[PDB]
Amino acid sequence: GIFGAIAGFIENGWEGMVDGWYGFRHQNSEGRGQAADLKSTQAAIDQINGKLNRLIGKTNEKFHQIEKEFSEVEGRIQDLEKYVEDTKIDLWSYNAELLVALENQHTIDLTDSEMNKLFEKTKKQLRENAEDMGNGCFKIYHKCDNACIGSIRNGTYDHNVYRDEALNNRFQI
């Protein structure tokens, strides 16, 4: 994808994450765990549902048209009726195939985008208290129990509480 997160610096997806599309796995003094991020999941789902709202259940009514099958050879007028229909079908077939290829490229990029946005947001929350290990994981340089992890996932982590502890551990030797 164009951001380089999904199938990129995130090595692989998590089959064990079943309650969301994006989320957090942690390891701390109390154990290891997983939690889905609801806002990024919903942002991706909402955009894809916008595409589906454009495409599903939106057909046009047509009634009497031209004939499209013929039992007898006729020449000029029948040649034209067939050419008109073949022309129309080829143009709609082109539209359909291009639409799906374009939309699919965009869907892969927007889902990569949402993964990147969540990563960047988390990175900024941690300020000087953590370092990016390069694979979607942060090494957090302070004791960070379950409530602490939860404060990061919830966007209420106060980096100033832990900064002295974290700087001491980071800039050791």
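One-based numbering along the sequence shown.
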Task: Between the two ranges 27-35 and 125-133, the one averaging a larger CA B factor in the entry - done: 27-35
- [ ] Would you determine, from the values in the PDB entry, which of 88-96 and 67-75 has the greater average C-alpha temperature factor?
- [x] 67-75
Open item on the list: Just to confirm, going by the entry's C-alpha B-factors, which of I56, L110, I140, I48 comes out highest?
Closed with: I56
Task: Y157 - Cα temperature factor, lowest/middle/highest third of chain - done: highest
Task: Where the record places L167 (Cα B-factor, split into thirds across the chain) - done: highest
- [ ] Tell me, lowest, middle or highest third: where does the Cα B factor of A5 rank within its chain?
- [x] lowest
Task: Entry-reported Cα temperature factor of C148, expressed as the chain third it lands in - done: middle
